[PDB]
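The form deposited in one PDB entry is given below as one chain in C-alpha cells.
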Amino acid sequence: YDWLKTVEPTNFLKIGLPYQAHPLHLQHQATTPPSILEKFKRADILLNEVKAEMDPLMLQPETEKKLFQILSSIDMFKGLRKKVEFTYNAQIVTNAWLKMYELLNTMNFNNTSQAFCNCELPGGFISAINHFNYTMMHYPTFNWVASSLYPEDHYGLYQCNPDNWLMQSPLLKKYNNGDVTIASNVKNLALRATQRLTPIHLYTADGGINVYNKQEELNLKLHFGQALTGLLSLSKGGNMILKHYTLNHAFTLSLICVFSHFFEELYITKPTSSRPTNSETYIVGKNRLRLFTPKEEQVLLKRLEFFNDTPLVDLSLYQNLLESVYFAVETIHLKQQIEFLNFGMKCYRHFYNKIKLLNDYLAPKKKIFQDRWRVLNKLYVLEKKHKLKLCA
C-alpha cells in the first residue's frame, strides 16, 4: 500500500482572474456562445462521469455505509476542528470555520472589520472572522450583520444575537425570511444590512442546496441571489467571499464575468480545508472598485425576479477571463477533485472490508497535515471577552 504512504498534503488553490477594463453591458438577448464553452461543457461531462463511478455503491445501503466510512477515513483534516476549538478557544468550529479562517490567512484582505455574512446559519464563517479579527487584526470592536434562510442555529448565534440577524421567524409572515432567491428579499436584506452597519468591508455568502450531476444548476438561482445581496451591500473597497461549485454552466461563467467589472483582484479558490473530493469553490473579490449604477441594479434584480440561466453578458467579450476560469476548473476539478475521487474509490476497493486498517495507515499522515494547516494559518487563543454570545 505504498500509494497510501506517499499521499501528500494539498496546496491552497488560488487562480487569478483578469479585471475587465471595459464597461459592462448586461445582455437582454441571447448571443452565440464562444467556442470555449464546449470546453467547459466537456469538463462538466467528465467531472459528472467520475462522480458517477460511485453510483454502484449507492444502490445497496450496505455498500453505501462502507462508502462513507471510506470517505471519512480519507478525510485528512477530520480531528482538526476539535483540536482548533480547544487549543485556541474557538467557536462554531465547523468545517466552514476552517475554510473561512484559511481564506482570511491567505487572501490578504485589506480589511475584515464590517462583515455581512449571508446564508450563514449556523455561523462558522462569522465565528472565524470574529476570531481572526480579535486575534490577528486587533480591530477595536468588530461589527457584523448576518442573515440565512429562516428554518439551523445549532449554537444559538441567531437566538442570542438578534440585533445582528436580518431575517424574521415565520411568526412574522405578516417580512423577509432570508431566502435569497426572492428578489424582494435580496433588496431588503441589502438595505437592512446597509441600514445598521456602514460601511460593509466584507461580504460572505456560503449558500448551497444539496441533493450531484445538476448541483451547480440546482444552485444557480441561489448563488445569484447570494451575489446580488453582496453587490447591493458591499461598499467601495470592500471584500467578497462567495461559495460556488463546478463553474461550468454559462450562467455561472456570466456571473463571474459581471464580478470582474467590480474588483481590483478576483480569484477562484479551493482552500485545503474545502473537501478535495467535492466541487466546492470560493470566488473571492478584493477591493471593490465601484458600486452598481441604478440601471445595473434594476436589471439584475429583475433577472432574479424572473430567472433564467441565460448568460447575463456576452461571453464572447470575456475570452481571456474565460480561459482563466477553465484554468481553475482544470486545476480544481479536472485534476485535483478527480485525482481524489479516484483515490477514494481505490481505497474503497482495497479497504471496503478493512476500514480500521486504512485509518491506522493514515494516522501519521493525518497529524502531519493538520499540523501543517496550523503552521500555515497561525492561530492564537481567543480572549473570552471577545467571544460571540451563543445560546446553545
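Here the rigid core means the biggest group of C-alpha atoms that line up within 1.5 Å when the two forms are laid on top of each other. Sequential numbering from 1, following the sequence displayed.
Absent from the display: the form deposited in another entry. The rest refers to it.
Shown in the overlay between the shown form and the other one, fitted on the rigid core, is a CA shift at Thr331 smaller than 2 Å. Once both forms are overlaid on the rigid core, the distance between the two CA positions of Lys39 between the shown form and the other one is under 2 angstroms. Once the cores line up, the CA of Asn48 ends up less than 2 angstroms apart between the shown form and the other one.
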